[PDB]
Structures are given as structure tokens and as C-alpha cells.
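Down below is the structure, laid out as C-alpha cells.
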Protein chains: 4
Amino acid sequence: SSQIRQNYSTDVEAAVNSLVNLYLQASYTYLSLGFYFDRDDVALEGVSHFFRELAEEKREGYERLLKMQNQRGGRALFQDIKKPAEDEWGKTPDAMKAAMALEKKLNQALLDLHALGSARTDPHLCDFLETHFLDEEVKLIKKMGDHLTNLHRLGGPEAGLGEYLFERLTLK
Amino acid sequence: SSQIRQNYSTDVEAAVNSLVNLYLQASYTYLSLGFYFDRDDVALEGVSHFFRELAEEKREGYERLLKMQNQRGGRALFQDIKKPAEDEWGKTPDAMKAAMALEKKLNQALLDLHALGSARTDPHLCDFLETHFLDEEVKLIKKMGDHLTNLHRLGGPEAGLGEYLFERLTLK
Amino acid sequence: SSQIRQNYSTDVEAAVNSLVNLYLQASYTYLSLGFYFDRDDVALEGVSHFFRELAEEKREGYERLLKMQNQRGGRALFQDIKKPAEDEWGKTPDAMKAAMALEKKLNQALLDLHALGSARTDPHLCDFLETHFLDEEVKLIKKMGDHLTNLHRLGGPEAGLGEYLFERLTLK
Amino acid sequence: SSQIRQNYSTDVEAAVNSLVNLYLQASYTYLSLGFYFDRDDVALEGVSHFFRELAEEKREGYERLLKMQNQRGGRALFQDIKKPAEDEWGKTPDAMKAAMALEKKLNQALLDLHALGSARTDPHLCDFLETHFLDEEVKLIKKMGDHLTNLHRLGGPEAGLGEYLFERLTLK
């Protein structure tokens with residue numbers, strides 16, 4: 001067993017492994033979204049780049065979780081990373097809704113892990129999630145909601161023009 | 001009471017206190033507008049930032065009035081800052097109309113205070129309002145009128161798309 | 001209803017609106033204190049500047065609470081900002097007592113909001129208040145206790161000399 | 001006589017010459033104050049420097065008025081500059097009261113000249129006094145009122161200690 005492991009329950013370790021797998025699924029889903037929006041028949045480089053950055057941010061997320069798992073004397077157990085939920089993500093507001101649902105699922109898994117941490121009385125886990133995750137998820141769910149509201153006002157029969165103007169003027 | 005007070009009448013002091021409360025209500029209304037346009041279901045960061053800059057300019061406004069009232073040996077009689085007129089400001093043109101009505105109300109209160117300054121023969125008050133307020137509110141009512149005309153040209157069934165393009169291309 | 005809102009109860013939202021109104025009342029009370037100490041018959045530019053900075057720090061406070069209120073998909077509801085507790089704040093220790101009483105009240109509303117966040121199991125609220133507010137208040141109540149202790153040793157029949165030396169040598 | 005003279009009454013020209021003589025009397029009174037506070041039995045370097053700067057500011061004042069008198073095609077009629085009101089200016093609060101009485105007299109003569117300019121309908125005079133004088137005297141009467149309040153705060157049996165600390169900590 002680990003020599004450094006202190007106040008780090010098997011439940012919190014397992015929920016951190018579950019959350020690592022969830023950030024891996026999310027990073028892999030944003031890989032899929034990022035490369036879907038760079039398809040020739042989709043061609044939204046700002047939407048691609050947006051999800052490419054989310055894939056990187058969820059990767060910094062699982063790498064921070066694995067670094068903390070190691071710092072706590074937990075064992076990183078790696079499961080299969082599921083295939084992303086869709087092969088084709090539809091239009092930008094369909095993909096941005098899938099991204100919203102995914103970050104709200106990650107934020108739920110963080111909040112459940114924080115409820116587990118505080119129930120197991122693990123201050124360092126709670127601090128770590130608060131410092132490195134819960135504010136990132138809240139800020140980027142807000143960013144996703146801002147995008148979804150803009151994509152919604154850019155809806156109606158002008159939808160393809162609105163989708164272009166979103167990608168050009170919100171997403172560089 | 002005050003040793004420095006010269007030519008600053010009790011009704012110019014009362015009208016400067018009334019105008020300070022009006023710039024406080026205006027700052028608080030622009031705070032409400034600024035934070036309304038940054039809601040998830042509103043998501044117009046340029047419109048939000050525009051009204052936050054107006055909250056800051058109306059803050060510098062009441063702080064200049066209070067500074068001048070201290071320089072004139074008047075007493076700042078602070079009063080309750082009434083809540084902003086709306087909880088929800090609607091679409092960007094209707095918020096920009098509310099901002100116009102507020103800024104034309106402030107400009108009316110400046111013009112009425114300047115008329116009172118001229119009637120009491122207070123040159124320093126008249127100069128102060130001319131230097132620091134009347135030109136700011138004229139430039140700003142012009143800027144909001146320019147915004148309302150652009151938001152009107154961006155009206156019709158292409159609203160929402162025009163609202164986004166106003167925020168993207170005018171307010172940045 | 002707001003689409004980003006997750007694990008953000010109506011109680012926490014209402015308590016954040018109540019605390020925004022309290023940080024607005026506090027900022028407005030420090031506006032009143034700051035401009036009272038710049039009156040010609042008070043003339044304590046360092047005590048004025050001290051409360052001018054507290055008004056700004058309370059304004060960072062309500063603006064940051066409103067940023068968080070929007071990031072959580074809450075609604076900023078704005079009430080009247082009540083008139084500051086006094087028209088005339090007395091001598092510097094009387095004002096510094098009213099300021100520390102205001103900051104202990106505002107820190108109580110933060111601790112009550114954090115207890116409500118803990119009871120509603122809202123990690124992001126708890127983190128946000130810990131990060132941006134609870135240490136702001138503790139440092140500032142300490143600073144005002146340091147000021148009150150200095151203003152107390154500077155008391156007695158020499159209180160006018162002491163009030164001047166406090167403003168000159170503690171408050172720049 | 002003058003070819004450039006337009007809309008510049010003989011009353012306003014004479015009242016500007018009267019005001020020039022008043023700024024000369026004031027600059028000369030501040031010369032007297034400035035050198036009285038450098039006197040060896042008085043020895044208040046900062047109080048001396050304060051009135052030395054006011055002698056310079058009242059000199060920019062009469063030079064501005066004479067430049068404007070020339071720009072309006074008025075003739076500068078130089079009357080005798082009276083003896084400063086006393087040679088022994090007393091303690092720092094007594095001298096600061098004499099300086100207050102003097103700037104309030106100059107500010108009264110500016111307000112009277114501005115009322116005369118308004119009654120004769122001489123806009124450039126009104127603007128000139130508003131731009132260069134009325135704000136200078138209001139700021140300076142405020143500064144001296146702040147000084148008098150601090151010197152009164154520094155009064156009582158400790159008056160010599162208070163006078164020294166005023167000079168060392170306000171006027172350096």
C-alpha cells in the first residue's frame with residue numbers, strides 16, 4: 001500500500017478514477033467535436049478551435065486529477081474511454097448543446113466528488129476541486145450558455161448565415 | 001456652518017444632492033443593465049460592457065458632484081438609491097431606449113441644475129457642470145442615439161441576428 | 001429558466017442578491033464616509049481616502065458577486081440601496097467604529113451565505129466566497145481594528161492632535 | 001481707441017483693473033505672509049512655502065488677467081498696491097484665517113466681475129474667469145478650509161506642538 005496516503009478514502013480514490021475517466025471521455029468528445037467542425041462539409045474553424053481548446057482544457061483536467069491522485073497516494077486505474085456520443089455532431093447549436101450537457105455532466109461529477117470528499121472529510125480533495133475544476137466548469141458552462149444564447153438569436157431561417165457569423169465574430 | 005461656503009445657495013446644494021442621488025440611481029441602473037446583458041439567457045458581452053462603462057461614467061459623475069459639493073462647503077445629504085426601473089431590460093434596443101431615457105433625464109437634471117445655478121448666480125457651479133457633465137451627457141446621448149438608430153436598422157424579422165451584429169461590431 | 005444553472009438553489013440566489021444589496025449599502029456607506037471626511041469642517045484627506053478605497057473594494061465586492069450570480073445562472077434582483085446610517089459620521093474613531101461595525105455585519109452576511117452554501121451543498125459558492133470575500137473581510141476588519149486601537153491610544157484630551165497624526169502617519 | 005476691442009465694456013475693463021489690483025494686493029499679501037513664516041522667530045518653512053506658492057498663484061492670476069485685458073483691447077490701469085493688512089501675521093491659524101479672508105475676498109471680486117460680465121453680456125470674460133480663476137479660488141479656499149480645520153483640531157494648550165506638526169506633516 002502507499003506510504004504517503006493519508007485521509008484519502010477508497011471511495012474518493014475510486015470517484016477520482018471515475019472522474020478521470022469522465023474527463024478522458026470529455027476530452028475525447030471534444031477531440032471528436034473539434035475535428036468534426038474542421039470537416040470540409042462543416043468548415044467552422046472557430047467552432048473547431050473552440051472544441052480543440054475544450055479538449056485541451058479537459059486534458060489539463062484529467063492530468064491535474066491524476067497528479068492529485070498520485071500526490072494523495074491513490075492508484076490511477078484506467079478504464080476504456082468510451083466512443084463519443086455522436087459520430088456527426090449536427091449544427092453548431094446541436095454540438096454546443098452536446099458540449100453544454102457534457103460540461104454539466106462533468107460539473108455534476110465534480111459536485112458529487114466534492115460531496116463525497118466533504119462527507120469523507122477530505123479537505124485537500126475539496127480544495128483541489130474548488131481551486132482547479134469547479135470554477136473552470138462554472139466559467140465554461142457560462143461560456144457555453146453565452147454561446148448557446150447567441151446561436152439561438154442567430155437561429156430562424158437565416159440559420160447558416162447566423163452559424164457563420166457566430167464562428168467568425170465570437171470564435172475568431 | 002461651513003467656513004469655505006461662498007455663493008453656494010441652500011437650493012443649489014439641495015439640487016446637487018438631488019443630482020448626486022440621480023447619478024447614483026443612474027449608476028445603479030447601468031449596473032443592473034450591465035449585469036442583465038451578461039446573463040446566460042442574454043449573453044451580449046459588448047452591450048453589458050457598454051452599460052458597465054456607463055455605470056463607471058455615472059460613478060465618476062456622482063463622485064465629481066460630491067467632490068465639488070465638498071469644495072463649495074456644501075453637505076452631501078445622501079438619500080436612498082431607488083431600485084432600477086426594470087428587473088429585466090428586454091432586448092438590446094429596449095434597454096438602449098431605457099438608457100436614453102435615463103441619460104436624457106440626467107441631462108434634464110443637469111440643465112435644471114445649471115438653470116438654477118444661473119438663477120442663483122453661481123458661476124463655479126455653471127462652469128463645473130459645463131466642464132464635467134453637460135458635454136459628457138450630450139456626447140453620450142448622441143452615442144446612444146447612434147446605437148438606437150443602428151439597432152433600428154438592425155430590427156425587423158432579422159432581429160436577434162441584427163442584435164448580435166450590433167454587439168459584435170459596434171460594441172467592442 | 002436559465003440553462004447554465006446547476007446546483008444553485010433559490011435560497012443561495014436570494015442570499016447572494018441580499019449580500020449584493022448589503023455590499024451596495026456598504027459601498028454607499030463608504031461613499032458617505034469618504035465624502036464626509038473630505039468636508040471642509042472635517043478635513044482628513046487620509047481618512048477620506050481610506051473610506052474611498054473601502055467604497056471601491058465594496059464595489060469590487062458587489063460586481064464580483066454579480067459576476068458569480070450570472071456565472072451560476074442566477075438572476076440579479078436589485079432592491080433599494082438604503083440611505084447610509086448617519087448623515088454626519090462624528091470623529092474618526094466614531095466613523096472607524098461604524099465602518100468596522102458595517103464590515104463585521106458584511107462579514108456576518110458572508111459567513112451566513114457560506115453556511116447556506118454549505119447547507120445547500122454548493123462548493124462553487126463556498127470556494128468563491130472563501131477566495132474573494134472572507135479573506136477580504138478578515139484582512140479589512142483586522143486593518144480597522146488596528147486603526148481603532150491606534151485611534152484609541154491617540155484618544156484623551158489630545159484627541160484632535162491624535163486624529164491628525166492618525167490621518168497623517170497611518171493613512172498617508 | 002483700441003481696434004481689437006469688441007463687446008468689452010468700460011465697466012468690465014475697470015472691474016478687471018480693480019481685480020488686477022486685488023490680485024496684486026493678494027500676491028503682495030502672500031509675499032508678506034510667506035516671508036513672515038520664514039522669519040527666525042516664526043520658523044515655519046512649510047507655512048512660508050505655502051504662502052510663497054500662493055504669492056506665485058496670485059501672480060499667475062494678475063498676469064492672466066492682464067494678458068486677457070490686452071487680448072480684449074482693454075488698457076491695464078495700474079493703481080498703487082496697498083500695504084498688506086498687517087506686518088505681524090500672528091500664529092499659523094491667524095495667518096491662515098487672513099489668507100482665507102483674502103481668497104474669499106478675491107473670490108467675491110471674481111463672482112462680482114462674473115456677474116458684471118453676465119450683466120454686460122461679455123461671454124469671453126465669463127469663460128475666462130470660469131476657466132482660470134473661479135475653480136482656482138474654490139479649490140484654494142477648500143485647501144485653506146482644510147488647513148484651518150486641521151489647525152483648529154491641532155489647537156488647545158498643545159498649540160505650539162500642533163502648529164509644528166501641521167507645518168511638518170501637511171505642508172511638506
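Simple scheme: letters A, B, ... for chains in C-alpha cells order, numbers from 1 for residues in each chain, numbers from 1 for ligands in the order shown.
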**Request:** Using only C-alpha atoms, determine which residues of chain C fall within 7 Å of chain A; present them as a PyMOL selection string.
**Result:** chain C and resi 3-4+71-72+123-124+127
**Item:** Who sits within 10 Å of range 14-20 of chain B, only C-alpha atoms, same chain under 2 positions skipped, as a ChimeraX atom specification
**Value:** /B:9-12,22-26,58-59,61-66,68-69,74-79,81,106,109-110,112-114,116-117,125
**Request:** Within range 25-152 of chain A, find each residue whose DSSP state, derived from the backbone, is alpha helix (DSSP H), and express the selection as a ChimeraX atom specification.
**Result:** /A:25-36,45-71,92-119,123-129,135-152
**Asked** Any idea what's packed within 9 Å of residue 46 in chain C, counting only C-alpha atoms, ignoring anything in its chain fewer than 6 positions away? Could you give it as a PyMOL selection string?
**Response** chain C and resi 37-38+166-168+170-172
Output of the above residues as a JSON list (two decimals), in the first residue's frame, restricted to N, CA and C atoms:
```
[["chain", "number", "residue", "atom", "x", "y", "z"],
["C", 37, "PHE", "N", -15.38, 62.74, 5.31],
["C", 37, "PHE", "CA", -14.03, 63.09, 5.75],
["C", 37, "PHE", "C", -13.29, 64.07, 4.83],
["C", 38, "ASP", "N", -13.81, 64.34, 3.64],
["C", 38, "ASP", "CA", -13.34, 65.42, 2.78],
["C", 38, "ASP", "C", -14.16, 66.73, 2.93],
["C", 166, "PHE", "N", -3.00, 60.34, 13.31],
["C", 166, "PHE", "CA", -3.52, 59.13, 12.70],
["C", 166, "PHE", "C", -3.66, 59.30, 11.20],
["C", 167, "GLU", "N", -4.35, 60.34, 10.76],
["C", 167, "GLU", "CA", -4.56, 60.58, 9.34],
["C", 167, "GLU", "C", -3.25, 60.81, 8.59],
["C", 168, "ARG", "N", -2.32, 61.60, 9.13],
["C", 168, "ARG", "CA", -1.02, 61.87, 8.52],
["C", 168, "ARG", "C", -0.08, 60.68, 8.47],
["C", 170, "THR", "N", -0.66, 57.13, 9.67],
["C", 170, "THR", "CA", -1.21, 55.83, 9.26],
["C", 170, "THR", "C", -1.82, 55.88, 7.87],
["C", 171, "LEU", "N", -2.55, 56.95, 7.52],
["C", 171, "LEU", "CA", -3.39, 57.00, 6.32],
["C", 171, "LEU", "C", -2.89, 57.90, 5.17],
["C", 172, "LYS", "N", -1.60, 58.25, 5.15],
["C", 172, "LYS", "CA", -0.91, 58.97, 4.06],
["C", 172, "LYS", "C", -1.40, 60.41, 3.81]]
```
